[PDB]
Amino acid sequence: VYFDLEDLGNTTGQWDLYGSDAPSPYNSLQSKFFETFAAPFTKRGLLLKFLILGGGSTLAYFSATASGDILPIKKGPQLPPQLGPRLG
Amino acid sequence: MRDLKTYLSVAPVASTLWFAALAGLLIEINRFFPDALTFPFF
Amino acid sequence: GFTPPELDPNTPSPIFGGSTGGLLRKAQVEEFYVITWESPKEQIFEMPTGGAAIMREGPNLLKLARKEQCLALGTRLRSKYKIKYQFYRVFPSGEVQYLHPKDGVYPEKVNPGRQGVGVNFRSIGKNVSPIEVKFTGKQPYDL
Amino acid sequence: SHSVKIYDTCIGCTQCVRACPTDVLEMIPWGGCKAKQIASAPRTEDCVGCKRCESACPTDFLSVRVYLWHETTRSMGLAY
Amino acid sequence: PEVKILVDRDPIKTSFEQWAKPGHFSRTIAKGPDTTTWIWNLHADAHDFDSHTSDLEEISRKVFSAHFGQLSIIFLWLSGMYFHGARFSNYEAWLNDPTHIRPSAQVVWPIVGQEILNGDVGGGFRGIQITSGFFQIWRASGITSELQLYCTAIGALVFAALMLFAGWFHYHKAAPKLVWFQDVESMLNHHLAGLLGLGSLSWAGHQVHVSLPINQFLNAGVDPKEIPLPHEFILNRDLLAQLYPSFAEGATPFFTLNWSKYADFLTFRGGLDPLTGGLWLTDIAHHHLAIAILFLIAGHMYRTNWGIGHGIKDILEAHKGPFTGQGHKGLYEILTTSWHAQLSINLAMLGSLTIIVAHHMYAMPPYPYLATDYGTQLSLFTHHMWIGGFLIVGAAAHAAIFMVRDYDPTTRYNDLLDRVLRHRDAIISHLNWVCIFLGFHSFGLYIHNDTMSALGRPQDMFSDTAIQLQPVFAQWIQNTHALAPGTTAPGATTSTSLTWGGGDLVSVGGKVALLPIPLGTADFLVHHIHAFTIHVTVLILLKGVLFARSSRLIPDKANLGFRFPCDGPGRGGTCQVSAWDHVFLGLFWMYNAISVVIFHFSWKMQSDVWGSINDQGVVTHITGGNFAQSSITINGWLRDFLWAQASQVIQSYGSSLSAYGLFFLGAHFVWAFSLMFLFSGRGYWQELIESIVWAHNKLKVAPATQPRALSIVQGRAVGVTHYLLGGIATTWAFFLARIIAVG
Amino acid sequence: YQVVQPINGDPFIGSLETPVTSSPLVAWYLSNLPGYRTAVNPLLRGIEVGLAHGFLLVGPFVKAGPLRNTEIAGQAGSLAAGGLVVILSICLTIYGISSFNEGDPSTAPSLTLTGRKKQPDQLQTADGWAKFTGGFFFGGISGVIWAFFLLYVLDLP
Amino acid sequence: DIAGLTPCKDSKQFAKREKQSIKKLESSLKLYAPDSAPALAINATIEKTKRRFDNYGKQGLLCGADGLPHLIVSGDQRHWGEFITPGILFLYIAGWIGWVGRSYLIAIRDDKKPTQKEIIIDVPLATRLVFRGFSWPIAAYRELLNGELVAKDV
Ligand code: CLA
Ligand code: CLA
Ligand code: CLA
Ligand code: CLA
Ligand code: CLA
Ligand SMILES: CC1=C(C/C=C(\C)CCC[C@H](C)CCC[C@H](C)CCCC(C)C)C(=O)c2ccccc2C1=O
Ligand code: SF4
Ligand code: SF4
Ligand code: SF4
C-alpha cells in the first residue's frame with residue numbers, strides 16, 4: 001500500500017532512487033593506496049586549517065614573488081609621467 | 001430627449017464642452033493680444 | 001462529547017497520474033497532512049496542486065503537503081459537491097493529530113463545548129500605549 | 001506564530017471563520033450580542049497571516065486583529 | 001449541423017435611457033458612486049463583457065458589434081490620412097522629386113508661436129514631415145492627383161458609416177445566434193478563401209491594371225499629369241501593350257496554360273528595382289496572384305453543408321501519442337466556448353506576425369522610394385515591433401483569464417492542458433535556469449568587455465580583434481541565400497534580399513538603400529541579449545498563466561480572481577501573485593526587450609547600412625562603421641549611441657524639430673512620474689487624503705463622492721502605463737529628431 | 001500505452017517518471033557514479049570525483065586565463081585550478097562541519113525504491129563527509145597535476 | 001535700473017535679438033516666391049515679431065545682460081503690470097471658480113443622492129450659480145464675518 005502509518009519513509013517517498021548498494025568496483029591495493037595517502041586529509045577541522053593556512057601562505061608567496069613579466073602592477077610604469085590638466 | 005440632455009450633462013462630456021469653450025476663448029485672446037508678459041493697460 | 005474518527009490507512013486514494021505539485025522532503029522529516037471524505041460516486045475534481053483527479057466512489061484518502069491545501073480542497077468538496085470531509089496532521093513518527101472539523105461541528109457554527117482563546121473584553125481602541133508595556137515582555141494586545 | 005485576537009465589539013456574524021483558509025477561528029457561545037456568539041482563535045499556530053478575516057469583519061473598528069509575529073514553517077505557508 | 005444564417009430580431013431596444021445611467025452594465029456600478037473608486041471601476045469593467053453577463057450569446061453579440069465599432073474608427077482614421085494627403089500635403093511635388101522633397105501631410109495653425117513646426121519640407125511647402133509612409137503607398141498604387149486621394153477619403157468615410165451602421169444593426173436588429181458564431185469551419189473557410197484570397201486577387205488586379213503601368217510612366221520620367229489615367233489602361237489595351245505587350249493576347253494564354261508568355265509583367269526576379277529601391281512590382285503582382293490561389297485552395301479544407309472536407313474536431317482527436325495521452329481531445333469544445341482562449345491565440349499569432357512584418361519590410365522594401373527614406377523606415381520597424389510586443393503580452397493576459405474563468409476539468413477537459421498543469425513546476429524551473437544562463441552568457445560578456453577595456457586590456461575582450469564569437473550559423477545561412485538564385489531557385493534572378501547576396505549595393509539619390517549586412521561578435525552578443533530578454537518575458541507570462549489557478553503558496557488562488565492585489569502580508573507576504581500582476585511585470589520586460597531591439601536596429605543600420613555614396617561609389621555610413629568596435633561594451637552604448645545620437649533632439653529648439661525636443665523632455669517627465677506610483681502604496685496616499693479632506697470639510701467644500709486613493713491594482717496599472725508611455729515616447733522623440741536631421 | 005507515470009507508483013509524491021528520470025540506461029549510469037555507491041567508503045568516491053573534476057578544471061583556466069597567450073606561463077596557469085580545488089575543498093569541509101555533528105547517524109534514505117530496508121550511505125555522516133572531502137582534495141590536486149603533465153600532441157594545448 | 005538691469009528700450013542685446021530673429025525669418029523667406037502663401041506667412045511672423053519687441057520696449061520691461069525681459073515682482077509701482085495686477089486678476093478668477101463650485105456643493109448637499117449630481121451636472125443649477133462669482137469677494141467676506149464660511153468645531 002502507498003499509505004502506511006507504520007512506514008512513513010515509504011509513505012512519504014523517502015527512497016534512494018539511484019543508489020547502487022552494490023559492493024566496491026574499486027579493486028584493493030588501489031583502495032589501500034588512496035586510503036593510506038588521503039588519510040591525513042580526512043579530519044575535517046584539520047583539513048580546514050591546512051587549506052586556509054596552506055592556501056593563504058601559498059597565495060602570499062605567489063603574490064610576493066610575482067614578476068613584472070606577469071603582472072603590469074609589479075613592472076610599474078615604463079613611460080615618462082604625463083602632465084595634469086593644470087598641475088603635475 | 002430628456003435622457004440625452006442627461007447624458008450630455010455627465011462629467012466627461014460637460015468637461016469637454018467646458019474646456020473646449022475655454023480653449024477657443026484663450027486661443028482667440030492670444031490671437032488678438034499675442035505675446036504679452038504684462039498687463040499693459042495699468 | 002465528540003470522538004474523532006481515527007485515520008484508517010488502506011483507505012483508497014483518488015485516481016490521478018501524478019504531478020510536480022505533491023509532497024517533498026518536508027513530508028518525510030517534518031509533517032504532512034491527510035484529508036478523507038466520502039463520495040457518492042466517481043467524479044472529476046480539481047486537485048489543489050496538480051490538475052484533475054478522479055474522486056472514487058466511497059471513502060477517499062488524500063495526503064497533502066500543507067493544512068491549507070486540505071482546507072481548500074475540503075471547502076470545494078463541501079461547496080461544488082456536497083461532501084463531508086475530515087483532515088489530520090501526520091508527523092514522521094506515525095503519530096496522527098485530528099484537526100478538522102475539530103468538534104465534529106464546522107467552526108462557523110457555534111458549538112457549546114468551545115472555550116474562548118485570544119478574546120479581549122474591550123474595544124480595540126482601549127489597548128494601552130507601547131510605553132506602558134515597555135521593558136516588559138508583554139504586548140498591549142496580549143492583555 | 002502570529003497572534004490573533006477577538007474584541008468584544010464582535011457581533012458574531014461568523015464571517016471571519018468563514019474567510020479563514022487554515023481554520024484558526026471558531027464561534028463560541030457568549031451573551032454580549034444578539035447572535036449570542038463571539039469569535040475565537042484557538043489554532044493560531046496554523047495562522048498564515050493573510051488577514052482575510054480582517055477583510056471580512058463588518059465592525060468599526062475591527063473585532064479580529066492579526067498581529068504578525070514570529071515566523072514558522074506554517075506561518076510562511078511553506079510546502080517544503 | 002446544417003450551416004445557415006441565424007439571427008434574432010430586436011434583442012436590445014435602441015434608447016438613450018441607459019446612456020443616462022452610468023454603469024448600467026454592472027449591477028453594482030449602476031447603483032452609482034459612494035466613493036471615487038466607482039469612477040475608476042466604471043472604466044475598467046466597461047469592455048469586460050463576460051463579467052457583465054454569463055450568457056455566451058449576449059457576449060458574442062457585444063463582441064461582434066464592438067468589432068464593427070473598431071472598423072468604423074479605422075475607416076475614419078484612413079479617411080483622415082487620405083484627406084490630409086489630398087488637402088494638406090505636398091504629395092504631388094514629392095511625386096515629382098521623391099529623392100529630395102520630404103513628405104509632409106500635416107500643417108499647423110499660426111496661433112501661439114507653433115508655426116515654427118511648419119518647416120521647409122521642399123516643394124514650396126511648410127509643414128510637419130511624416131514618417132508613416134503613405135506617400136510611398138500612394139505612389140505604389142498609381143495614385144497621382146490629390147483628387148484621387150479625396151475620392152479615397154470619401155469612400156473610407158462611407159465605409160466608416162457602413163461599419164458603424166452594421167454594428168448597430170447586428171446588436172439591435174438582426175443579432176446572430178450563438179450557433180452562427182460557433183460555425184468555425186464556415187468562418188475559417190470564408191476568411192481563408194473569401195477574405196484573404198479574393199482580397200489578394202483583387203489587389204493583384206489593381207496592380208496589373210493600375211500600379212504597374214502608372215509606375216512604368218513614373219519610372220520613365222513622365223510627368224504625372226501627363227500620365228494616362230488608370231482606367232485608360234483598362235479601355236485602350238494599346239497603352240498597356242506598349243508598356244506590357246502580353247495584354248494583346250486577351251487572356252487566352254491563361255486558359256490555354258501558356259502562362260510563361262506572361263513572364264513580361266509577372267516575374268520572379270527578386271531583389272530591388274535600382275531606380276526606386278523598392279521590390280519589383282511585377283514580382284509583387286505575381287506574388288498576390290500566387291497567394292490568392294493558395295488561400296482560395298485553403299478555404300475548402302473544412303466541411304460545412306456538403307459532406308466533403310474536414311471536421312476540425314475529428315482532426316484534433318486523431319492527434320495523440322504515447323507522451324501526451326489523449327491530447328487535443330476537448331480543444332474544439334474549449335475553442336468554441338471561450339472568447340478569451342481565441343483572443344489569446346490570435347493575439348499571440350497577430351503580434352508575432354507584426355514583428356515578422358517589421359523585419360521583412362526593412363530587408364525587402366516593398367514600396368518605391370521607401371528604403372532611402374530612413375525616417376519612414378526606422379519609424380515603421382520601431383512601430384511594428386511595439387505593436388507586436390504589446391499584442392503578445394495581451395495573449396498572456398487572456399490565456400490567464402481563460403485559466404481563471406473558463407477552465408473547468410469536470411466539464412471541458414483537455415489532456416494536454418492537464419499534463420502541462422501537472423508538471424508546471426518542472427516547466428517554470430527549467431525556464432528560470434535558462435534565463436539565468438542567458439543573462440550571464442549574454443550580458444555578463446558585455447560586463448567582461450567593459451571591465452577589460454577600462455583596465456587597458458582590449459586584447460582580453462570579446463571582440464572581432466580579440467576573442468571572436470562569430471555567428472557562424474547565421475553567416476552560413478545568409479551565404480546560402482546569396483547562392484540560392486540560379487541554384488536552389490533557378491527562377492530567381494537575384495538574391496531574395498540584398499542583405500544576403502554580396503555586392504549589388506542599391507543607391508537612390510546618392511543615398512544607399514540596401515547592401516550586404518555584415519555579422520560579427522557584436523551581432524552575436526546582441527542576439528543573445530534578444531534571446532535572454534525574450535526568455536525572461538516568456539518566463540514571467542507563462543509562470544503567470546500556469547500558476548493562475550493555484551500554487552503551493554495559495555491553493556485556492558483561482559477563487560481570488562484574475563485581477564487581485566494580493567492575499568495579504570502573510571505566508572511571508574503574497575503581493576503580486578495574481579496572473580494580472582504577472583502581466584504587469586511582463587509589460588516591463590517587453591519594454592526592455594523591444595527597446596534593446598530597436599536600439600540594435602538604429603545602431604546597426606546607421607553604422608553598417610545607411611549612408612551616402614560617391615559618384616565613384618565610395619560609401620560613407622551615417623556613423624563610421626563603429627558598431628563592431630563600440631557596441632560590444634555598455635559604455636559604448638552610453639557614449640557612441642545615446643550621448644552621440646541624442647544631440648539632434650537636444651539641439652532641436654528653434655527649428656521645426658523642436659516638438660521632438662519638447663516630447664523628449666515631457667516623456668522623461670511622465671516616465672519619472674510613474675515611479676511615484678510604482679514605488680509607493682495606497683495606504684500612505686489615503687492617510688494624506690484624510691488630512692486634505694479635513695481641510696475641505698473645514699470650508700464646507702468636501703465632496704459627497706468621497707475621495708479615495710487608487711486601488712493597489714490601479715496603482716500598478718497607472719504606474720506601468722506611464723512608465724511605458726514615457727519610455728516609448730522618449731525613444732520616439734529621440735529617433736525621429738535623429739533620423740529626420742541626419743537622414 | 002503512455003510513457004509518463006507517477007514516481008514509484010505514488011501519484012501524490014511530487015515528481016514524475018520519464019525516460020529522463022527512470023530509464024535502464026539512466027538508472028545504471030547514475031547508479032555507477034561514485035556519489036551513488038552507498039556501500040563504498042566515501043574516501044574512495046571522493047578520490048574518483050576529485051580526480052575527474054580536478055582533471056577537468058585545467059582546461060578553461062589555461063586556455064581562457066589572462067596568461068593564456070604567454071605560453072611560458074600560460075601552461076602553468078593550472079595553479080589556478082589547484083586553487084579552485086582548495087576553495088572547493090574548504091566549501092566541502094564547512095558544509096560537512098555545518099551539516100553533520102560528531103555522533104549523528106546518516107541522513108541518507110534507508111529504503112530502496114522497491115520498499116526493502118537499506119543501509120544508509122555514510123557519506124551523510126560527519127566522518128563520512130570528512131573522508132569524502134579529503135578524498136576530493138587528494139584526487140583533485142592529483143587530477144590537476146595529471147592534466148598539467150600532458151602538454152603535448154593535443155589539438156588544443 | 002532696478003537690480004542692475006537696463007530698460008529693454010536702451011538694451012543693445014535686446015535690439016540684437018530682434019535683428020537676428022527678423023533676419024532669420026527673412027533667410028527662410030528668400031526660398032519662396034514673394035506672392036506665395038509660405039511667404040505671406042513668414043511676413044506675418046515678421047510683423048508679429050516686430051510687434052512683440054516693440055511692445056516689450058514700450059511697456060517698460062527691464063532687460064538683463066542676456067537681452068531678455070526680467071520681471072520685477074518686489075511690488076515697485078513701476079512694474080505692477082508684471083505681477084501684482086495680473087495677480088489680482090488671477091485671484092479674482094480663481095476665487096470666482098472656487099466660490100461657484102462651493103456654492104454648487106452646498107446646493108446639492110441635502111439632495112437625496114448627493115453624488116448623483118457630482119457625476120451628472122445639474123446644468124440649470126450651475127447656470128444659476130455661475131454669476132455669483134462676480135460678487136464672490138463681498139459674499140465670502142460677508143460669510144467670514146457672519147460665520148458661514150468655516151464649519152464649526154472641525
Ligand atoms: C579584492 C581581492 C582580489 C585579489 C587580490 C584578486 C587577484 C587576482 N585575480 Mg580576482 N576577483 C576578485 C578579487 C580579487 N582578485 C573579485 C571580487 C572578483 C569578482 C568580480 C574577481 C574575479 C576575477 C576573475 C574572473 C579573474 C581574476 C583574476 C585574478 C588574478 C589576476 C592577476 C594574475 O593574472 O595573476 C596570476 C594568474 C594566475 C592564474 C595565478 C594563480 C594564483 C594562484 C593559484 C594563487 C593560489 C590561490 C590560493 C592557494 C587559494 C586562495 C584562497 C585562500 C584564501 C585559501 C589575480 C591574482 C584572473 C585569474 O585569476 O586568472 C584565472 C581572472 O580570471 N579575478
Ligand atoms: C445610434 C444610437 C444608439 C443608441 C441610442 C444605443 C443604445 C444602447 N446601446 Mg448601442 N450600439 C450602437 C448605437 C446605439 N446604441 C452602435 C452604433 C453600435 C456599434 C458599435 C452599438 C453596439 C452596442 C453594443 C455591443 C452594446 C450596446 C449597448 C446599448 C445600451 C447601453 C447604453 C449605452 O450604450 O451606453 C453607452 C454610451 C456611450 C457614449 C458609448 C460610447 C462608445 C463609443 C462608440 C466609443 C468611441 C471611441 C472613441 C472615439 C475613442 C477615443 C477616445 C479618445 C478621445 C481618448 C443602450 C440602450 C450595450 C447594452 O446592450 O447594454 C446592456 C451593449 O453591450 N450597443
Ligand atoms: C467571404 C465572406 C466574408 C468576408 C469577406 C468576411 C470579412 C470579415 N469578417 Mg467575417 N464571417 C464570415 C464571412 C466573411 N467575413 C462567415 C461565413 C462567418 C461565420 C458565420 C463570419 C463571422 C465573423 C465574425 C464573428 C467576425 C468576422 C469579422 C470579419 C472582419 C475581420 C476584420 C478584417 O479583416 O477587416 C477587413 C475589412 C474589409 C475587408 C472591408 C470589407 C468588409 C466588407 C464591407 C464586408 C464583406 C463581407 C460581408 C460579410 C458581406 C455581407 C454584407 C451583406 C450581408 C450586407 C472582416 C471584414 C469580425 C468582424 O465582424 O469585424 C467587424 C468578427 O468579429 N466574421
Ligand atoms: C484586440 C486585443 C484585445 C482585446 C479585445 C482585449 C480585451 C480585454 N482585455 Mg486585454 N490586453 C491586450 C489586448 C486586448 N484586450 C493587450 C495588447 C494587452 C497588453 C497590455 C492586454 C492586457 C490586458 C490586461 C492586464 C487586462 C486586460 C483586460 C481586458 C478586458 C477588459 C477591457 C476593458 O474594459 O478595459 C478598459 C479600457 C481602458 C480602461 C483604457 C485604459 C487607457 C489606457 C491604459 C491608456 C492608453 C494610452 C494611450 C493609447 C496613449 C496616451 C493617450 C492619452 C494621453 C489620452 C477585455 C475583454 C482586463 C481584464 O480584466 O480582463 C477581463 C485586464 O486586467 N487586457
Ligand atoms: C539593471 C536592473 C536589473 C537587473 C540587474 C536585474 C536582474 C535580473 N532579473 Mg530583474 N527586474 C528589473 C531590473 C533588473 N533585473 C526591474 C526594474 C523589474 C521590475 C519590472 C524587474 C523584474 C524582474 C522579474 C519579474 C524577473 C526578473 C528576473 C531577473 C533575473 C534574470 C536572470 C538572469 O539574468 O540572471 C543573471 C544575472 C544577471 C544578468 C545580472 C548581472 C550579473 C553580473 C554581470 C555578474 C557578476 C557576478 C560577480 C561575480 C559578482 C560577485 C562580486 C562579489 C563581491 C559578490 C536577473 C538576475 C527574472 C528571474 O527571476 O530570473 C529568471 C524574473 O522573473 N526581473
Ligand atoms: C500619487 C498616488 C496616488 C494619488 C493619486 C491619485 C488619487 C490620482 C487621482 C488624481 C486626479 C487628479 C483626481 C481626479 C479629479 C477629477 C478628475 C476632478 C478634476 C476637476 C477638473 C480639473 C476636471 C494614489 O492614490 C496611489 C495609490 C496606490 C499606489 C500609488 C499611488 C500614488 O502614487
Ligand atoms: S490572518 Fe488568515 S489564517 Fe490568520 S486567522 Fe485571519 S484569515 Fe485565518
Ligand atoms: S467578522 Fe468581526 S463581528 Fe464577525 S464574527 Fe468575526 S470578529 Fe465577530
Ligand atoms: S503590502 Fe499591499 S500588495 Fe503587499 S501584501 Fe500587503 S496589501 Fe498586499
Side-chain angles (χ1 to χ4, degrees), chain E residues 351-364 377-378 381-382 384-386 388-389 392 431 433-450 452-453 461-482 496-500 514-539 589-610 621 623 625-638 640-642 731:
Chain E
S352 298
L353 182 62
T354 311
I355 293 165
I356 295 171
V357 175
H359 279 76
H360 291 188
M361 294 194 68
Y362 96 82
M364 296 155 168
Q377 281 294 72
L378 181 74
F381 179 90
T382 303
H384 288 108
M385 297 303 286
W386 283 119
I392 300 181
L431 195 43
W433 168 74
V434 174
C435 285
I436 298 173
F437 168 78
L438 285 175
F440 287 148
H441 295 71
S442 72
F443 169 81
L445 305 185
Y446 284 85
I447 301 305
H448 177 71
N449 281 353
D450 283 281
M452 298 294 92
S453 177
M461 297 174 64
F462 285 112
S463 170
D464 287 338
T465 68
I467 302 181
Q468 299 180 2
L469 309 181
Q470 296 296 339
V472 176
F473 301 136
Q475 294 164 0
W476 187 97
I477 285 185
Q478 54 183 17
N479 178 31
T480 301
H481 300 285
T496 321
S497 166
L498 290 177
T499 72
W500 318 118
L514 284 177
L515 62 92
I517 298 181
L519 293 174
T521 303
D523 298 302
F524 182 94
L525 300 173
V526 183
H527 277 103
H528 294 269
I529 291 293
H530 295 145
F532 167 61
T533 64
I534 297 177
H535 282 269
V536 179
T537 316
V538 177
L539 173 76
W589 270 87
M590 179 262 338
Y591 171 74
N592 199 17
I594 300 310
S595 281
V596 174
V597 174
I598 62 181
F599 283 2
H600 174 53
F601 183 81
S602 178
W603 201 197
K604 179 71 165 174
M605 292 298 281
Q606 289 178 331
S607 182
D608 303 350
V609 182
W610 298 338
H621 295 295
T623 67
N626 54 353
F627 185 82
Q629 288 298 330
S630 290
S631 60
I632 60 179
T633 187
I634 304 305
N635 201 34
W637 282 88
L638 178 82
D640 308 325
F641 182 80
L642 287 188
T731 289

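Here is how names work: the chains are called A, B, and so on, in the same order as the sequence lines, proteins then strands, and each is numbered from 1. Hydrogens, waters and symmetry mates play no part in the numbers below; they use all other heavy atoms, side chains included.
- The main-chain N or O of E/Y591 is found under 3.5 Å from a side-chain atom of E/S595 such that the two form a donor-acceptor pair.
- Scanning all heavy atoms of the two residues, the minimum distance from E/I529 to E/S442 falls at CD1-OG, 3.4 Å.
- Formation of a donor-acceptor pair under 3.5 Å by the E/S602 side chain with backbone atoms of E/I598 is not found in this model.
- To the nearest 0.5 Å, atoms CD1 (E/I634) and CG (E/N449) are separated by 9.0 Å.
- Closest of all the heavy-atom pairs between E/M461 and E/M452 is CG-CB, 3.6 Å.
- Judged by distance alone, with hydrogens and angles left aside, the side-chain atoms of E/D450 form no donor-acceptor pair with the main-chain N or O of E/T633 at under 3.5 Å.
- When every heavy atom of E/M385 is checked against every heavy atom of E/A358, the shortest pair comes out as SD-CB, 3.7 Å.
- A distance of 7.5 Å separates CD1 in E/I467 from CG in E/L469, rounded to the nearest 0.5 Å.
- Under a 3.5 Å cut-off, the side chain of E/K604 and the backbone N or O of E/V609 do not form any donor-acceptor pair.
- In this structure, the separation between NE2 on E/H360 and CG on E/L353 is 9.5 Å, given to the nearest 0.5 Å.
- Residues E/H528 and E/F532 keep their aromatic ring centres 6.0 Å or farther apart.
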Exercise for the section: Check step by step if side chain to side chain contact (heavy atoms under 4.5 Å, CB included) holds for E/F627 and E/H600. Expected result: CA-CA 9 Å; E/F627 185 82; E/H600 174 53; 3.5 Å; yes
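- Across all non-hydrogen atoms, the minimal contact from E/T521 to E/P471 is N-CD, 4.5 Å.
- In this structure, the side chains of E/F601 and E/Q377 stay at 4.5 Å or more apart for every pair of heavy atoms.
- Ring geometry for E/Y362 against E/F381 counts as perpendicular: the plane angle is over 60°, on a 0 to 90° scale with 30° as the lower cut.
- Side-chain atoms of E/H527 come within 3.5 Å of backbone N or O of E/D523 as a donor-acceptor pair.
- Taken from NE2 in E/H441 to CG in E/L445, the straight-line distance is 7.0 Å, to the nearest 0.5 Å.
- Taking OG1 of E/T533 as the start and CG of E/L438 as the end, the distance is 9.5 Å to the nearest 0.5 Å.
- The two residues E/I632 and E/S463 have their closest heavy-atom pair at CD1-CB, 3.6 Å.
- Under the 4.5 Å side-chain criterion, counting only non-hydrogen atoms from C-beta, E/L498 is not in contact with E/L515.
- A distance of 11.0 Å separates SG in E/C435 from CD1 in E/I534, rounded to the nearest 0.5 Å.
- Not one N or O on the side chain of E/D608 forms a donor-acceptor pair closer than 3.5 Å with the backbone of E/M605.
- Listed by first and then second residue, the salt bridge (charged side-chain N to carboxylate O under 4.0 Å, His left out) pairs that reach into residues 463-475 of chain E come to none, sequence neighbours excluded.
- Nearest heavy-atom pair across E/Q470 and E/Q475 is OE1-NE2, 3.0 Å.
- For the side chain to side chain contact (heavy atoms under 4.5 Å, CB included) with E/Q478, the lone residue among E/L519, E/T499, E/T496 that qualifies is E/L519.
- Checked by atom type and distance alone, the side chain of E/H621 pairs as donor or acceptor with a backbone atom of E/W610 at under 3.5 Å.
- Under the ring-ring contact (aromatic ring centres under 6.0 Å, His included) criterion, E/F641 pairs with E/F599, E/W603, E/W637, E/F734, not counting sequence neighbours.
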